[PDB]
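See structure below.
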Amino acid sequence: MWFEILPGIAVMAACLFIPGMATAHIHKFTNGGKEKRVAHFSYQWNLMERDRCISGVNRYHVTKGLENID
Amino acid sequence: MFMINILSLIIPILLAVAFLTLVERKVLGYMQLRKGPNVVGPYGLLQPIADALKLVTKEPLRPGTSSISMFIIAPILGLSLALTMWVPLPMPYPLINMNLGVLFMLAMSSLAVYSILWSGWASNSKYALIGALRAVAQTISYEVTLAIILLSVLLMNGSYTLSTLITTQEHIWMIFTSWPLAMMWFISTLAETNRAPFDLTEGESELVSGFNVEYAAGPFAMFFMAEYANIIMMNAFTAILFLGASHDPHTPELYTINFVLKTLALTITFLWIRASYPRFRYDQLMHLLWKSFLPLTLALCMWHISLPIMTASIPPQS
Amino acid sequence: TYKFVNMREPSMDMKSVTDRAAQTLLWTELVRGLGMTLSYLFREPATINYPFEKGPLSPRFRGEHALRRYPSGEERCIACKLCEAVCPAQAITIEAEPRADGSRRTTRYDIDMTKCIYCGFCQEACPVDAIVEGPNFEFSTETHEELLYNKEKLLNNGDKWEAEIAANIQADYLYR
Amino acid sequence: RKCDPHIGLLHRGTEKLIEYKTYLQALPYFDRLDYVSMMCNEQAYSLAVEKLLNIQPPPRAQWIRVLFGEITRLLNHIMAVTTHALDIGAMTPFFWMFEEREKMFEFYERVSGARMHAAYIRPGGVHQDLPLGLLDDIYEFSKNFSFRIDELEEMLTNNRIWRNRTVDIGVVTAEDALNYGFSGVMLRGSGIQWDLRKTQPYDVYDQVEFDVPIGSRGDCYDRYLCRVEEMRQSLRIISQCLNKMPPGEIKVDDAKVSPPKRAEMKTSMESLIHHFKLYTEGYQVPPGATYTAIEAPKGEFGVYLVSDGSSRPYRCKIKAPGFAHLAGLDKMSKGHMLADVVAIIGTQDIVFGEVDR
Amino acid sequence: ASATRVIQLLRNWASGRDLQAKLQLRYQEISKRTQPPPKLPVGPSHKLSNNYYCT
Amino acid sequence: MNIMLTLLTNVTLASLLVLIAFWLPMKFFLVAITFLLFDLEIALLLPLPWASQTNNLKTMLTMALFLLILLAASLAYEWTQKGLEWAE
Amino acid sequence: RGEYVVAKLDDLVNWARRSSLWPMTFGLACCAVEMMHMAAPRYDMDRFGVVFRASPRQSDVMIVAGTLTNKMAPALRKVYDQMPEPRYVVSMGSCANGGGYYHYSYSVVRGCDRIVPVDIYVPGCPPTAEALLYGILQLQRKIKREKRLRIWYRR
Amino acid sequence: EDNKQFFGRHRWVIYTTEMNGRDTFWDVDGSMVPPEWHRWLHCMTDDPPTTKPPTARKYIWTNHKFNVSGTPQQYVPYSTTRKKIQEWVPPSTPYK
Ligand SMILES: CCCCCCCCCCCCCCCCCC(=O)OC[C@H](COP(=O)([O-])OCC[N+](C)(C)C)OC(=O)CCCCCCCCCCCCCCCCC
Ligand code: SF4
Ligand code: SF4
Ligand code: SF4
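Below, the structure is given as structure tokens:
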């Protein structure tokens with residue numbers, strides 16, 4: 001037979017699964033069901049501080065839209 | 001918050017490294033017509049635990065000719081490097097989104113050779129010293145092709161951001177565009193990772209153990225695990241580079257399944273490739289590298305820089 | 001009759017050079033090597049599951065000396081000492097003495113397991129098929145002393161096995 | 074530049090004890106001389122002794138000798154080719170056809186009763202008879218062993234790694250090779266046109282047909298191919314002898330050199346004495362000396378057996394086929410890389426039982 | 001023997017040979033381990049007459 | 001910070017599990060120098076990806092390819108005058 | 025209880041060591057080839073721990089296979105001291121056990137006991153390949169009946 | 050037995066959980082096969098003891114021992130010959 005290596009393979013897939021879901025789900029939990037807003041250039045950065053400072057709770061992820069302005 | 005993600009990344013990486021010893025002795029055997037570790041643990045699920053436990057309970061020998069200061073920094077310098085190298089890997093959304101991640105991965109890859117260099121000096125034996133001397137010279141000679149292959153590949157991709165890899169490689173695998181460089185890249189991975197036909201040091205009889213000639217259980221855990229640790233990732237780096245998957249923002253599960261399967265399959269080929277080829281002699285390594293691999297890589301970099309200019313296909317860095 | 005080996009000539013035509021150039025650039029014989037191992041991966045293993053599975057042997061197997069006994073009960077060895085003379089390693093040590101009944105019987109029969117070689121000469125020596133090499137190999141030890149066998153151990157080995165080795169010489173004495 | 078292959082690390086004064094023992098007790102020494110091709114050593118000793126004794130083995134024994142001589146021939150190049158690859162650093166092509174050795178290794182258990190040191194071929198024929206049905210099993214093994222060697226050649230010969238690491242390495246000119254005392258694969262691989270069976274036909278080897286795979290250049294690779302082609306030629310010799318099995322006895326019909334049958338052992342007085350004396354001191358070998366030499370699957374194996382005329386040998390100097398072969402390590406490694414040294418050893422298949430006595 | 005069809009064609013293709021025709025493990029072609037009594041022949045000179053050791 | 005935290009945690013894990021494993025129980056020069064010169068020449072064309080998006084990429088084409096042929100030229104002179112065929 | 029705690033630790037350490045030995049080959053004669061068949065798939069040993077890591081420094085048990093010579097005597101010995109503990113030596117075959125077929129010879133020391141402390145003896149000339157697998161297995165059970173942490177607790 | 054399986058593996062066993070006082074559950078060993086089944090298991094013949102009982106004799110062991118080494122039931126070499134040089138046993142009482 002040959003499939004006796006499959007359970008050795010399968011446990012690895014479980015181990016490598018943890019980083020993929022964790023760093024994704026932790027992103028969802030730390031962004032409130034969203035993803036971490038990437039900032040590869042200055043614009044993507046001061047955009048966050050614009051959103052972080054307006055939220056009032058000093059969190060960029062929470063966003064206030066049309067219900068905020070009049 | 002952040003720290004719980006750190007253990008959630010490195011810890012499963014470390015536990016996977018211990019298990020890779022099992023398949024190294026098992027899938028080789030199932031190709032060698034052997035059985036592989038089966039008696040201990042159900043289907044050999046517990047052999048890596050047995051392997052790792054004596055290495056952390058056997059006597060740690062410090063030869064009198066070995067500088068204890070150098071004897072301890074090197075295994076830490078190796079294992080830690082492998083773990084921190086994982087932080088920019090683009091697992092759906094990478095833990096570290098370094099816009100220069102490609103350079104970041106390559107930079108500390110060069111830092112790896114200090115692990116063998118210092119160990120060869122720390123061991124301080126005639127045969128041991130030359131074994132490391134003509135081991136480091138191999139790894140450095142393979143980094144120049146490593147950089148050139150990288151430089152050509154992301155030239156068509158865009159910037160050096162490792163997250164951009166999944167964006168450029170949207171519809172077609174990048175291998176279909178740089179397959180002459182893919183095998184150029186793959187063999188380069190086979191040499192930096194110190195595996196046959198470039199096992200060389202860790203060769204069970206090439207250099208008996210090379211970097212582990214006098215270096216036995218105890219601190220040797222952080223010097224025979226690190227090489228296997230780079231194996232899973234440098235193949236995974238190839239998986240991101242040429243075999244990129246799809247990532248749905250509403251379901252990152254698909255890309256986790258696809259990438260892990262792709263990198264696990266590549267590691268099978270990596271374990272496949274040890275059990276099918278002899279070991280290159282030292283002169284043959286440089287002859288293959290400088291005089292056949294090095295010129296071809298330069299020509300392909302010639303081609304891959306003009307082609308976006310040829311077809312107005314320059315990629316957006318932002 | 002004879003035959004060369006390395007007398008193949010490489011063809012210089014456009015076709016032949018193309019295959020060689022393709023082989024060098026696009027590694028094909030390397031892939032051929034890969035295919036050979038991979039086809040063997042899907043080949044069933046031949047790993048005997050010791051101790052539960054045990055390797056095959058033949059009714060002629062040689063090991064673990066053991067004196068036998070006649071169907072009446074008296075031991076076979078009449079101290080004819082051909083085994084002692086034959087023994088190419090001189091592992092046998094036999095001292096004779098006239099037993100109270102009158103017939104011979106060895107008062108000392110030590111065969112040093114770690115001088116013996118299991119060549120099977122000793123059974124061919126004594127015409128009464130007194131000493132034979134049994135089918136045992138499972139007598140590895142942890143002290144050097146217990147390997148040094150004596151008359152008492154040899155008889156105990158004989159009484160222990162006997163029945164197994166009884167059929168062995170029954171199916172092999174025709175060949176001898 | 075300069076190489077000194079120091080030896081003695083296994084040395085046993087083999088012929089020193091040979092003097093004190095008689096011929097029959099001397100036979101297990103030969104099986105332990107080359108621990109790779111064991112029964113081939115038995116062949117050399119038995120030929121030498123029965124050459125002095127002026128007694129020829131029965132035809133049934135002779136056709137057994139080539140069948141087992143080629144069985145040992147199958148063993149050694151598996152030992153030689155695979156570990157030479159293991160010397161280079163190839164693991165799996167070593168193991169695959171290593172398993173096939175347990176097939177006729179099991180055959181050895183069927184005949185002699187032991188596995189390695191058979192003690193089967195003796196002066197005056199062969200000790201025991203072939204067990205019933207074993208010849209069919211030999212055919213079963215032979216019919217499939219050709220496949221495994223196609224697996225070896227495909228894995229090793231064509232691959233560029235095997236060539237570039239081993240070809241053009243350790244070349245040796247024909248005149249230098251022969252004048253160095255080399256033999257067998259050392260000569261035939263390096264252009265020299267000579268094989269013991271074809272030229273000096275001992276035993277029934279003349280009747281069987283085969284080819285001698287000599288080489289053109291004579292490096293480690295050429296020797297490696299010479300070994301694997303002899304393997305195919307060994308299969309040919311196995312095919313012919315196995316189909317040439319005669320009706321005949323296994324040992325000479327001379328009770329002064331051959332033990333009488335166990336049925337006759339316990340039936341007749343002459344048989345009782347003849348086995349008794351043959352198993353006390355052995356047989357009286359007429360004085361003289363000889364150098365009966367046959368090709369071992371590694372090289373030329375011979376013995377200088379000089380007998381005083383008693384029941385025990387006087388002096389038996391054993392030709393070591395690797396004795397001269399290991400002497401060439403100086404030049405075959407000269408002008409070559411360090412890794413080529415083990416390649417020289419691997420293609421020589423240096424076995425530390427003969428070069429060290 | 002053992003294996004299934006789709007596996008056989010997989011290893012048949014990867015090796016370029018028909019392994020099912022002849023394999024390297026014995027299944028049923030092995031001769032029966034127990035065998036009839038082997039009545040051995042006699043010596044060429046086994047004769048009650050004109051066989052003196054003078055010859 | 002996060003970068004410093006990641007590397008710091010890796011060192012402690014390596015340090016921690018090292019401690020439990022210690023208390024609980053001219054050719055050689057030429058390959059170095061040739062790599063050094065090639066590696067330094069390699070660093071020149073590392074900024075190539077963004078340089079490929081310059082507004083005068085025609086001049087980039089002449090000169091980015093310039094360094095690459097010099098890489099070949101340096102090897103070519105090295106190869107022909109022995110060089111990569113290291114002393115043996 | 026304390027004795028239970030030291031018993032569980034003893035089992036955990038013993039089970040690891042017995043199940044994953046890393047033997048280093050010291051074959052010198054025909055005793056090497058037959059053990060080397062244990063590497064062959066017929067009696068695979070890598071099924072349980074014993075693997076190709078070799079590297080005499082990274083070795084638990086040493087198998088001394090073949091005849092031992094006086095000129096081989098010191099070089100083999102210095103290997104044994106350099107071998108880190110727990111070090112056990114396996115005596116392979118009649119020659120390494122007590123000299124065997126060359127007991128009365130000038131270039132062989134009778135047995136490996138005169139050189140190294142032999143923990144296990146495997147008779148044979150050569151011992152059958154599977155018989156050594158038994159010898160390794162009985163050595164494995166020998167480790168199972170070890171009370172290192174138990175004997176420390178009594179102290 | 051499994052005749053469909055390939056040679057060698059075609060016959061296999063699992064041992065008793067209680068072998069002569071000492072348990073064999075994680076104490077697997079090859080030295081518990083009795084003389085009767087030492088043949089059939091090893092493919093030394095095709096005649097299982099259930100279908101071919103061994104020749105019954107009085108001196109044969111009625112209970113097959115394992116490898117007694119390690120246990121206090123080991124073997125110790127000792128001279129089985131008798132001393133042949135006796136002393137003078139000097140007589141007592143008087144003085145010269
Ligand atoms: C419009 C088209 C534009 C592009 C066209 C480009 C040209 C056409 C394509 C050319 C071929 C592709 C590029 C070159 C590749 C070969 C490079 C080379 O040096 O080859 C010769 C080299 C050297 O061969 P050599 O040493 O025998 O000969 C070289 C020439 N002399 C002698 C003068 C020096 O071959 C190798 O390096 C062999 C492989 C070594 C590593 C061992 C493992 C191999 C594993 C193979 C199977 C797995 C593959 C995995 C692939 C990746 C998967 C993700
Ligand atoms: S088998 Fe040979 S060496 Fe062993 S006791 Fe019998 S005759 Fe002596
Ligand atoms: S040869 Fe046989 S009968 Fe003679 S002493 Fe030895 S065991 Fe007894
Ligand atoms: S015990 Fe026998 S097989 Fe082992 S080395 Fe000595 S003679 Fe050779």
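One line per chain: the protein sequences are 1a, 1H, 1I, 1D, 1r, 1A, 1B and 1q, in this order.
For what it's worth, the entry's author numbering labels the leading residue of the first sequence as 1, then goes sequentially.
For what it's worth, the entry's author numbering labels the leading residue of the second sequence as 1, then goes sequentially.
For what it's worth, the entry's author numbering labels the leading residue of the third sequence as 1, then goes sequentially.
For what it's worth, the entry's author numbering labels the leading residue of the fourth sequence as 74, then goes sequentially.
For what it's worth, the entry's author numbering labels the leading residue of the fifth sequence as 1, then goes sequentially.
Numbering-wise, the sixth sequence is residues 1 to 25, 53 to 115 according to the entry's author numbering.
For what it's worth, the entry's author numbering labels the leading residue of the seventh sequence as 25, then goes sequentially.
For what it's worth, the entry's author numbering labels the leading residue of the eighth sequence as 50, then goes sequentially.
Cβ coordinates follow ideal geometry from the N, Cα and C atoms, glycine included.
Proximity to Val57 (chain 1B) across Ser79 (chain 1B), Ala89 (chain 1B), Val37 (chain 1B) peaks at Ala89 (chain 1B), based on C-alpha coordinates.
Close to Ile20 (chain 1A), with beta-carbon spacing below 8 Å, are these residues of chain 1H in chain order: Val56. In the structure shown, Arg108 (chain 1I) adopts extended strand secondary structure according to DSSP, grouped into three states.
Cβ-Cβ separation between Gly197 (chain 1D) and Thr420 (chain 1D): approximately 37 Å, too far for a contact (criterion under 8 Å). With contacts defined as CB atoms closer than 8 Å, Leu148 (chain 1I) and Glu75 (chain 1I) fail to qualify as a contacting pair. When C-alpha distances from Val103 (chain 1B) are compared across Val146 (chain 1B), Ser83 (chain 1B), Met116 (chain 1B), the shortest belongs to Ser83 (chain 1B).
Assigned with DSSP and collapsed to three states, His65 (chain 1I) falls in strand. For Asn121 (chain 1B), the chain 1I residues whose C-beta falls within less than 8 Å of its own C-beta are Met113, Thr114, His144, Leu147, listed in chain order. Boundaries of the alpha helix (DSSP H) around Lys271 (chain 1D): 269-272.
When Cβ pairs closer than 8 Å are counted between the two stretches, the stretch 58-76 of chain 1I is seen to touch the stretch 151-165 of chain 1I, the count reaching three or more.
For the stretch 284-306 of chain 1H, the set of positions with a beta-carbon nearer than 7 Å to some beta-carbon of chain 1I is empty. Look at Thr93 (chain 1I) here: in three-state DSSP terms it is strand. According to DSSP, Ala366 (chain 1D) shares a beta bridge with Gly375 (chain 1D). Contact annotation: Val428 (chain 1D) and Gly401 (chain 1D) have beta-carbon atoms that are not nearer than 8 Å.
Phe167 (chain 1D) has a beta carbon lying at 8 Å or more from every beta carbon in chain 1r. Judged by DSSP secondary structure, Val132 (chain 1I) falls within the beta strand (DSSP E) whose first and last residues are 131-133. Listed along the chain, the chain 1a residues whose CB falls inside 8 Å of the CB of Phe42 (chain 1I) are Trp2. Between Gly244 (chain 1H) and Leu150 (chain 1H), the C-beta gap is not smaller than 8 Å, which leaves the two residues out of contact. Residue environment: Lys151 (chain 1I) is assigned as buried (16 or more neighbouring CB atoms within 10 Å of its CB, all protein chains considered). For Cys53 (chain 1a), the number of other beta carbons within 10 angstroms of its own is below 16, and it is reported as exposed. Taking 8 Å as the cut-off, the Cβ atoms of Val301 (chain 1D) and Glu226 (chain 1D) count as close.
In the DSSP assignment, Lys126 (chain 1H) falls within the unbroken alpha helix (DSSP H) covering 126-157.
Annotation for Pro141 (chain 1B): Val113 place their beta carbon closer than 8 Å to its own, counting only its chain and skipping 5 residues before and after. Legend: CB atoms of the stretch 46-80 of chain 1B lying less than 8 Å from CB atoms of chain 1I belong to residues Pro65, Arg66, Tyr67, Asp68, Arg71.
Across the stretch 149-165 of chain 1I, CB contacts with chain 1q closer than 7 Å involve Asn150, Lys151, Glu152, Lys153, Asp159, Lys160, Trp161, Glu162, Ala163, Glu164, in sequence order along the chain. Considering only beta carbons, the part of the stretch 82-110 of chain 1q lying closer than 9 Å to chain 1r consists of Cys92, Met93, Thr94, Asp95, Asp96, in chain order. Judged by DSSP secondary structure, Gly395 (chain 1D) falls within the alpha helix (DSSP H) whose first and last residues are 394-398. Closer than 8 Å to the CB of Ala412 (chain 1D) there is at least one CB belonging to chain 1H. Using beta-carbon distances, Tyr144 (chain 1q) does not count as an interface residue toward chain 1I, since no partner is under 8 Å. Rounded to whole angstroms, the gap between the alpha carbons of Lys407 (chain 1D) and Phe168 (chain 1D) is 31 Å.
Just so you know, the alpha carbons of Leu14 (chain 1H) and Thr21 (chain 1H) end up roughly 12 Å apart. For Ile10 (chain 1H), the uninterrupted alpha helix (DSSP H) segment begins and ends at 2-31. With a 10 Å radius around the Cβ and a threshold of 16 neighbouring Cβ atoms, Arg183 (chain 1D) comes out buried. If you ignore the 5 residues before and after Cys314 (chain 1D), its C-beta comes within less than 8 Å of the C-beta of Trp136, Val139, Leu140, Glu143, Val277, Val281, all in its own chain and listed in chain order.
With a threshold of 16 other beta carbon atoms within 10 Å, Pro360 (chain 1D) falls short and is exposed. Annotation: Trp61 (chain 1q) to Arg43 (chain 1I) spans about 21 Å, alpha carbon to alpha carbon.
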